[PDB]
>>> print(open('entry.pdb').read())   # PDB, C-alpha atoms and all ligand atoms
ATOM      1  CA  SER A   1       0.000   0.000   0.000  1.00  0.00           C
ATOM      2  CA  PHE A   2       3.014   2.422  -0.007  1.00  0.00           C
ATOM      3  CA  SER A   3       2.772   4.793  -2.998  1.00  0.00           C
ATOM      4  CA  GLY A   4       4.838   7.532  -4.584  1.00  0.00           C
ATOM      5  CA  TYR A   5       8.159   6.394  -3.089  1.00  0.00           C
ATOM      6  CA  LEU A   6      11.440   6.763  -4.919  1.00  0.00           C
ATOM      7  CA  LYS A   7      13.531   3.584  -4.943  1.00  0.00           C
ATOM      8  CA  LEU A   8      17.053   4.224  -3.618  1.00  0.00           C
ATOM      9  CA  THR A   9      18.299   0.607  -3.282  1.00  0.00           C
ATOM     10  CA  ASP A  10      16.939  -2.970  -3.385  1.00  0.00           C
ATOM     11  CA  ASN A  11      15.246  -2.429   0.024  1.00  0.00           C
ATOM     12  CA  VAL A  12      15.263   1.367   0.839  1.00  0.00           C
ATOM     13  CA  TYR A  13      12.545   3.730  -0.485  1.00  0.00           C
ATOM     14  CA  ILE A  14      12.013   7.496   0.222  1.00  0.00           C
ATOM     15  CA  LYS A  15       9.208  10.094  -0.012  1.00  0.00           C
ATOM     16  CA  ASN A  16       8.657  13.767   0.958  1.00  0.00           C
ATOM     17  CA  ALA A  17       5.745  13.209   3.347  1.00  0.00           C
ATOM     18  CA  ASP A  18       4.431  13.681   6.858  1.00  0.00           C
ATOM     19  CA  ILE A  19       4.890  10.288   8.575  1.00  0.00           C
ATOM     20  CA  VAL A  20       1.614  10.810  10.532  1.00  0.00           C
ATOM     21  CA  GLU A  21      -0.366  11.244   7.278  1.00  0.00           C
ATOM     22  CA  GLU A  22       1.479   8.279   5.714  1.00  0.00           C
ATOM     23  CA  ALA A  23       0.687   6.061   8.723  1.00  0.00           C
ATOM     24  CA  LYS A  24      -3.024   7.062   8.683  1.00  0.00           C
ATOM     25  CA  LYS A  25      -3.237   6.147   4.973  1.00  0.00           C
ATOM     26  CA  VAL A  26      -1.249   2.869   4.947  1.00  0.00           C
ATOM     27  CA  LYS A  27      -1.832   1.558   8.527  1.00  0.00           C
ATOM     28  CA  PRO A  28       1.521  -0.242   8.320  1.00  0.00           C
ATOM     29  CA  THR A  29       2.490  -3.158  10.507  1.00  0.00           C
ATOM     30  CA  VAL A  30       5.283  -1.018  12.002  1.00  0.00           C
ATOM     31  CA  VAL A  31       5.790   2.741  12.285  1.00  0.00           C
ATOM     32  CA  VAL A  32       9.165   3.850  13.739  1.00  0.00           C
ATOM     33  CA  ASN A  33       9.294   6.643  16.301  1.00  0.00           C
ATOM     34  CA  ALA A  34      12.414   8.821  16.758  1.00  0.00           C
ATOM     35  CA  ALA A  35      12.320   8.373  20.504  1.00  0.00           C
ATOM     36  CA  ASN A  36      14.522   9.460  23.466  1.00  0.00           C
ATOM     37  CA  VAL A  37      15.530   7.104  26.296  1.00  0.00           C
ATOM     38  CA  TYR A  38      12.710   8.334  28.572  1.00  0.00           C
ATOM     39  CA  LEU A  39      10.017   7.975  25.858  1.00  0.00           C
ATOM     40  CA  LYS A  40       9.035  11.635  26.464  1.00  0.00           C
ATOM     41  CA  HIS A  41       7.330  12.442  23.154  1.00  0.00           C
ATOM     42  CA  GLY A  42       7.594  16.248  23.123  1.00  0.00           C
ATOM     43  CA  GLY A  43       8.597  17.442  19.669  1.00  0.00           C
ATOM     44  CA  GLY A  44       9.739  16.352  16.209  1.00  0.00           C
ATOM     45  CA  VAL A  45       8.454  13.014  14.973  1.00  0.00           C
ATOM     46  CA  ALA A  46       7.706  11.791  18.512  1.00  0.00           C
ATOM     47  CA  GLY A  47       5.579  14.813  19.422  1.00  0.00           C
ATOM     48  CA  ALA A  48       3.686  14.578  16.111  1.00  0.00           C
ATOM     49  CA  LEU A  49       2.988  10.773  16.403  1.00  0.00           C
ATOM     50  CA  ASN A  50       1.916  11.153  20.037  1.00  0.00           C
ATOM     51  CA  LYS A  51      -0.442  14.077  19.240  1.00  0.00           C
ATOM     52  CA  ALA A  52      -2.058  11.964  16.473  1.00  0.00           C
ATOM     53  CA  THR A  53      -2.793   9.248  19.122  1.00  0.00           C
ATOM     54  CA  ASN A  54      -4.527  11.820  21.383  1.00  0.00           C
ATOM     55  CA  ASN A  55      -1.700  11.248  23.958  1.00  0.00           C
ATOM     56  CA  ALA A  56      -2.414   7.476  24.198  1.00  0.00           C
ATOM     57  CA  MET A  57       1.204   6.816  23.066  1.00  0.00           C
ATOM     58  CA  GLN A  58       2.564   8.889  25.992  1.00  0.00           C
ATOM     59  CA  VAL A  59       0.269   7.161  28.556  1.00  0.00           C
ATOM     60  CA  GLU A  60       1.422   3.724  27.363  1.00  0.00           C
ATOM     61  CA  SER A  61       5.065   4.914  27.266  1.00  0.00           C
ATOM     62  CA  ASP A  62       4.948   6.200  30.878  1.00  0.00           C
ATOM     63  CA  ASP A  63       3.695   2.778  32.088  1.00  0.00           C
ATOM     64  CA  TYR A  64       6.538   1.070  30.086  1.00  0.00           C
ATOM     65  CA  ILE A  65       9.208   3.326  31.704  1.00  0.00           C
ATOM     66  CA  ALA A  66       7.734   2.895  35.212  1.00  0.00           C
ATOM     67  CA  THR A  67       8.087  -0.924  34.768  1.00  0.00           C
ATOM     68  CA  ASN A  68      11.350  -1.196  32.768  1.00  0.00           C
ATOM     69  CA  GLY A  69      13.383   1.999  33.216  1.00  0.00           C
ATOM     70  CA  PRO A  70      14.866   3.966  30.336  1.00  0.00           C
ATOM     71  CA  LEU A  71      16.052   2.583  27.023  1.00  0.00           C
ATOM     72  CA  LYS A  72      19.714   2.729  25.939  1.00  0.00           C
ATOM     73  CA  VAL A  73      20.867   5.149  23.189  1.00  0.00           C
ATOM     74  CA  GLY A  74      20.961   2.837  20.135  1.00  0.00           C
ATOM     75  CA  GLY A  75      18.165   0.655  21.582  1.00  0.00           C
ATOM     76  CA  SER A  76      14.470   0.167  20.995  1.00  0.00           C
ATOM     77  CA  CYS A  77      11.205  -1.239  22.288  1.00  0.00           C
ATOM     78  CA  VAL A  78       8.004  -2.390  20.561  1.00  0.00           C
ATOM     79  CA  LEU A  79       4.755  -0.827  21.814  1.00  0.00           C
ATOM     80  CA  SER A  80       1.273  -0.360  20.321  1.00  0.00           C
ATOM     81  CA  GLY A  81       0.807   1.629  17.118  1.00  0.00           C
ATOM     82  CA  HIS A  82      -2.590   2.865  18.419  1.00  0.00           C
ATOM     83  CA  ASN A  83      -4.649   4.345  15.545  1.00  0.00           C
ATOM     84  CA  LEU A  84      -1.559   4.716  13.283  1.00  0.00           C
ATOM     85  CA  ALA A  85      -0.128   1.193  12.835  1.00  0.00           C
ATOM     86  CA  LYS A  86      -0.264  -2.286  14.363  1.00  0.00           C
ATOM     87  CA  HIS A  87       3.000  -1.552  16.303  1.00  0.00           C
ATOM     88  CA  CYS A  88       5.285   1.372  17.016  1.00  0.00           C
ATOM     89  CA  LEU A  89       9.026   0.568  17.151  1.00  0.00           C
ATOM     90  CA  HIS A  90      10.460   3.320  19.406  1.00  0.00           C
ATOM     91  CA  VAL A  91      14.128   3.658  18.373  1.00  0.00           C
ATOM     92  CA  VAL A  92      16.678   5.890  20.129  1.00  0.00           C
ATOM     93  CA  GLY A  93      19.220   7.392  17.757  1.00  0.00           C
ATOM     94  CA  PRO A  94      21.995   9.569  19.260  1.00  0.00           C
ATOM     95  CA  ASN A  95      21.057  13.239  19.833  1.00  0.00           C
ATOM     96  CA  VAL A  96      24.080  15.336  18.769  1.00  0.00           C
ATOM     97  CA  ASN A  97      22.402  18.454  20.415  1.00  0.00           C
ATOM     98  CA  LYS A  98      22.616  16.543  23.764  1.00  0.00           C
ATOM     99  CA  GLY A  99      26.298  15.536  23.028  1.00  0.00           C
ATOM    100  CA  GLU A 100      25.627  11.856  22.220  1.00  0.00           C
ATOM    101  CA  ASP A 101      27.965   9.675  20.216  1.00  0.00           C
ATOM    102  CA  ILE A 102      27.080   9.633  16.468  1.00  0.00           C
ATOM    103  CA  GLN A 103      28.766   6.165  16.196  1.00  0.00           C
ATOM    104  CA  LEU A 104      25.612   4.785  17.930  1.00  0.00           C
ATOM    105  CA  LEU A 105      23.550   5.577  14.796  1.00  0.00           C
ATOM    106  CA  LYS A 106      24.441   2.245  13.150  1.00  0.00           C
ATOM    107  CA  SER A 107      23.309   0.347  16.301  1.00  0.00           C
ATOM    108  CA  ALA A 108      20.009   2.322  16.231  1.00  0.00           C
ATOM    109  CA  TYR A 109      19.322   1.320  12.580  1.00  0.00           C
ATOM    110  CA  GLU A 110      20.124  -2.374  13.358  1.00  0.00           C
ATOM    111  CA  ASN A 111      16.813  -2.491  15.311  1.00  0.00           C
ATOM    112  CA  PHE A 112      14.999  -2.157  11.957  1.00  0.00           C
ATOM    113  CA  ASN A 113      16.309  -5.601  10.884  1.00  0.00           C
ATOM    114  CA  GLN A 114      13.974  -7.340  13.335  1.00  0.00           C
ATOM    115  CA  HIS A 115      10.916  -6.267  11.177  1.00  0.00           C
ATOM    116  CA  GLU A 116      10.223  -7.273   7.572  1.00  0.00           C
ATOM    117  CA  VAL A 117       8.784  -3.890   6.547  1.00  0.00           C
ATOM    118  CA  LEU A 118       8.711  -0.486   8.302  1.00  0.00           C
ATOM    119  CA  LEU A 119       7.517   3.091   7.777  1.00  0.00           C
ATOM    120  CA  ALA A 120      10.262   5.291   9.343  1.00  0.00           C
ATOM    121  CA  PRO A 121      11.834   8.758   9.685  1.00  0.00           C
ATOM    122  CA  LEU A 122      15.547   9.434   9.097  1.00  0.00           C
ATOM    123  CA  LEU A 123      17.136   8.714  12.494  1.00  0.00           C
ATOM    124  CA  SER A 124      19.017  11.451  14.352  1.00  0.00           C
ATOM    125  CA  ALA A 125      18.128  14.076  11.664  1.00  0.00           C
ATOM    126  CA  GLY A 126      16.155  17.318  12.256  1.00  0.00           C
ATOM    127  CA  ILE A 127      16.152  18.451  15.886  1.00  0.00           C
ATOM    128  CA  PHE A 128      18.440  15.482  16.880  1.00  0.00           C
ATOM    129  CA  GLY A 129      21.288  17.409  15.201  1.00  0.00           C
ATOM    130  CA  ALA A 130      23.059  14.836  12.984  1.00  0.00           C
ATOM    131  CA  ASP A 131      23.977  15.299   9.278  1.00  0.00           C
ATOM    132  CA  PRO A 132      20.947  13.842   7.419  1.00  0.00           C
ATOM    133  CA  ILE A 133      23.112  12.844   4.398  1.00  0.00           C
ATOM    134  CA  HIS A 134      25.170  10.691   6.810  1.00  0.00           C
ATOM    135  CA  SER A 135      21.993   9.251   8.388  1.00  0.00           C
ATOM    136  CA  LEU A 136      20.652   8.158   4.964  1.00  0.00           C
ATOM    137  CA  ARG A 137      24.027   6.499   4.120  1.00  0.00           C
ATOM    138  CA  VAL A 138      24.076   4.583   7.453  1.00  0.00           C
ATOM    139  CA  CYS A 139      20.448   3.528   6.858  1.00  0.00           C
ATOM    140  CA  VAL A 140      21.113   2.059   3.361  1.00  0.00           C
ATOM    141  CA  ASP A 141      24.375   0.389   4.590  1.00  0.00           C
ATOM    142  CA  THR A 142      22.755  -1.152   7.730  1.00  0.00           C
ATOM    143  CA  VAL A 143      19.095  -1.970   7.166  1.00  0.00           C
ATOM    144  CA  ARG A 144      18.444  -5.165   5.121  1.00  0.00           C
ATOM    145  CA  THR A 145      14.644  -5.266   5.551  1.00  0.00           C
ATOM    146  CA  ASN A 146      12.168  -3.125   3.541  1.00  0.00           C
ATOM    147  CA  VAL A 147      12.194   0.472   4.833  1.00  0.00           C
ATOM    148  CA  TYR A 148       9.917   3.303   3.595  1.00  0.00           C
ATOM    149  CA  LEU A 149      11.444   6.639   4.679  1.00  0.00           C
ATOM    150  CA  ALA A 150       9.181   9.665   5.144  1.00  0.00           C
ATOM    151  CA  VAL A 151      11.083  12.978   5.060  1.00  0.00           C
ATOM    152  CA  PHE A 152       8.974  15.920   6.240  1.00  0.00           C
ATOM    153  CA  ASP A 153      11.094  18.886   5.114  1.00  0.00           C
ATOM    154  CA  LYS A 154      10.723  19.492   1.377  1.00  0.00           C
ATOM    155  CA  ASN A 155      14.095  21.207   0.982  1.00  0.00           C
ATOM    156  CA  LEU A 156      15.821  18.407   2.890  1.00  0.00           C
ATOM    157  CA  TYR A 157      14.145  15.706   0.736  1.00  0.00           C
ATOM    158  CA  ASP A 158      15.390  17.426  -2.436  1.00  0.00           C
ATOM    159  CA  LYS A 159      18.935  17.744  -1.007  1.00  0.00           C
ATOM    160  CA  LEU A 160      18.991  14.029   0.083  1.00  0.00           C
ATOM    161  CA  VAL A 161      17.848  12.734  -3.342  1.00  0.00           C
ATOM    162  CA  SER A 162      20.179  14.965  -5.396  1.00  0.00           C
ATOM    163  CA  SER A 163      23.232  14.005  -3.280  1.00  0.00           C
ATOM    164  CA  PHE A 164      22.521  10.262  -2.926  1.00  0.00           C
TER     165      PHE A 164
HETATM  166  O1  LIG A 201      12.479  16.720   8.240  1.00  0.00           O
HETATM  167  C1  LIG A 201      12.792  15.569   8.529  1.00  0.00           C
HETATM  168  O2  LIG A 201      12.334  14.554   7.863  1.00  0.00           O
HETATM  169  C2  LIG A 201      13.684  15.194   9.716  1.00  0.00           C
HETATM  170  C3  LIG A 201      12.862  15.084  11.012  1.00  0.00           C
HETATM  171  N1  LIG A 201      11.582  14.497  10.690  1.00  0.00           N
HETATM  172  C4  LIG A 201      10.453  14.954  11.217  1.00  0.00           C
HETATM  173  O3  LIG A 201      10.418  15.792  12.112  1.00  0.00           O
HETATM  174  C5  LIG A 201       9.223  14.308  10.691  1.00  0.00           C
HETATM  175  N2  LIG A 201       9.418  13.347   9.773  1.00  0.00           N
HETATM  176  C6  LIG A 201       8.339  12.808   9.210  1.00  0.00           C
HETATM  177  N3  LIG A 201       7.059  13.079   9.456  1.00  0.00           N
HETATM  178  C7  LIG A 201       6.900  14.031  10.387  1.00  0.00           C
HETATM  179  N4  LIG A 201       5.708  14.507  10.850  1.00  0.00           N
HETATM  180  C8  LIG A 201       5.972  15.475  11.787  1.00  0.00           C
HETATM  181  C9  LIG A 201       7.311  15.633  11.938  1.00  0.00           C
HETATM  182  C10 LIG A 201       7.932  14.702  11.057  1.00  0.00           C
HETATM  183  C11 LIG A 201      13.460  14.323  12.173  1.00  0.00           C
HETATM  184  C12 LIG A 201      13.929  13.024  12.044  1.00  0.00           C
HETATM  185  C13 LIG A 201      14.419  12.332  13.136  1.00  0.00           C
HETATM  186  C14 LIG A 201      14.395  12.949  14.353  1.00  0.00           C
HETATM  187  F1  LIG A 201      15.046  12.385  15.369  1.00  0.00           F
HETATM  188  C15 LIG A 201      13.864  14.191  14.547  1.00  0.00           C
HETATM  189  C16 LIG A 201      13.413  14.886  13.440  1.00  0.00           C
END
>>> encode(input="entry.pdb", output="structure tokens")
Amino acid sequence: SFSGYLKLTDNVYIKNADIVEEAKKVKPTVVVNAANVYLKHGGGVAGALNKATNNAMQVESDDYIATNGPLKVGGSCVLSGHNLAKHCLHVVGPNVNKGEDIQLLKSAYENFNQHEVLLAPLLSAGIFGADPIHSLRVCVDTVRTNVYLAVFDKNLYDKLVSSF
């Protein structure tokens, strides 16, 4: 059901789209969230996905943290996708604006290999502060399963495709 995506490799596809609108249209098995270790979904992709769930994502996330403690940078957990997908894979890429190690970006993308197909944002890009051209290269060199990337910023999408 994914449509209008540009094929970058055998398994990586990309589109200039709002991941919330894409998830509402496709209802994928898995939507990836650009999470932090506390699952505090304030801004960026996380804030937008949580708002689309009417805060149900944050209520579920707070119960998960109260039981399990925080995730590791480079780690993930599978929770409900609520009204957006069957599941949400919350993945923690390093936040360069918080001083985190960019070398953990490959470990973050490895979580995608546990799922046959995913709708996802570009990890550690945007307000997480990493070079998005680097994030796209690590994605295509790490993920082996079928990944549909939704890039919100139009200017960024154009820059990523022309430089790929
Ligand atoms: O412009 C971009 O694609 C990069 C940016 N993505 C979004 O904020 C983004 N991407 C897709 N759908 C969206 N809907 C509402 C926001 C949103 C970003 C990626 C990872 C991250 F950790 C933080 C931000």
>>> residues_around(input="entry.pdb", residues="residue 143 of chain A", least_positions_apart="6", cutoff="7 Å", atoms="all atoms listed in the file", output="VMD selection string")
chain A and resid 109 to 110 112 to 113
>>> write_last_selection(input="entry.pdb", atoms="C-alpha atoms", output="mmCIF file, in the coordinates of the input")
data_model
loop_
_atom_site.group_PDB
_atom_site.id
_atom_site.type_symbol
_atom_site.label_atom_id
_atom_site.label_comp_id
_atom_site.auth_asym_id
_atom_site.auth_seq_id
_atom_site.Cartn_x
_atom_site.Cartn_y
_atom_site.Cartn_z
ATOM 1 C CA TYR A 109 19.322 1.320 12.580
ATOM 2 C CA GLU A 110 20.124 -2.374 13.358
ATOM 3 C CA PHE A 112 14.999 -2.157 11.957
ATOM 4 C CA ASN A 113 16.309 -5.601 10.884
#
>>> residues_around(input="entry.pdb", residues="segment 127-140 of chain A", least_positions_apart="6", cutoff="6 Å", atoms="only C-alpha atoms", output="ChimeraX atom specification")
/A:95-97
>>> atom_distance(input="entry.pdb", atom1="atom CA of residue 44 of chain A", atom2="atom CA of residue 103 of chain A")
21.6 Å
>>> resolve_selection(input="entry.pdb", expression="the PyMOL selection byres (((not hetatm)) within 9 of (chain A and resi 201))", output="JSON, numbers by chain")
{"A": [16, 17, 18, 19, 20, 21, 22, 33, 34, 35, 36, 43, 44, 45, 46, 47, 48, 49, 92, 93, 94, 95, 120, 121, 122, 123, 124, 125, 126, 127, 128, 129, 130, 132, 149, 150, 151, 152, 153, 154, 155, 156, 157]}
>>> closest_residue(input="entry.pdb", among="A:13, A:38, A:5, A:64", to="residue 147 of chain A", atoms="all atoms listed in the file")
A:13
>>> closest_residue(input="entry.pdb", among="A:7, A:159, A:27, A:15", to="residue 86 of chain A", atoms="all atoms listed in the file")
A:27
>>> closest_residue(input="entry.pdb", among="A:40, A:25, A:117, A:30", to="residue 70 of chain A", atoms="only C-alpha atoms")
A:40
>>> closest_residue(input="entry.pdb", among="A:56, A:144, A:91, A:160", to="residue 12 of chain A", atoms="all atoms listed in the file")
A:144
>>> atom_distance(input="entry.pdb", atom1="atom CA of residue 145 of chain A", atom2="atom CA of residue 79 of chain A")
19.5 Å
>>> closest_residue(input="entry.pdb", among="A:24, A:51, A:3, A:77", to="residue 37 of chain A", atoms="all atoms listed in the file")
A:77
>>> residues_near_point(input="entry.pdb", point="(0.8, 3.5, 18.0)", cutoff="10 Å", atoms="only C-alpha atoms", output="list in words")
residues 23, 30, 31, 32, 33, 49, 50, 52, 53, 56, 57, 58, 60, 78, 79, 80, 81, 82, 83, 84, 85, 86, 87, 88, 89 and 90 of chain A
>>> atom_distance(input="entry.pdb", atom1="atom CA of residue 107 of chain A", atom2="atom CA of residue 72 of chain A")
10.6 Å
>>> closest_residue(input="entry.pdb", among="A:2, A:76, A:10, A:65", to="residue 119 of chain A", atoms="all atoms listed in the file")
A:2
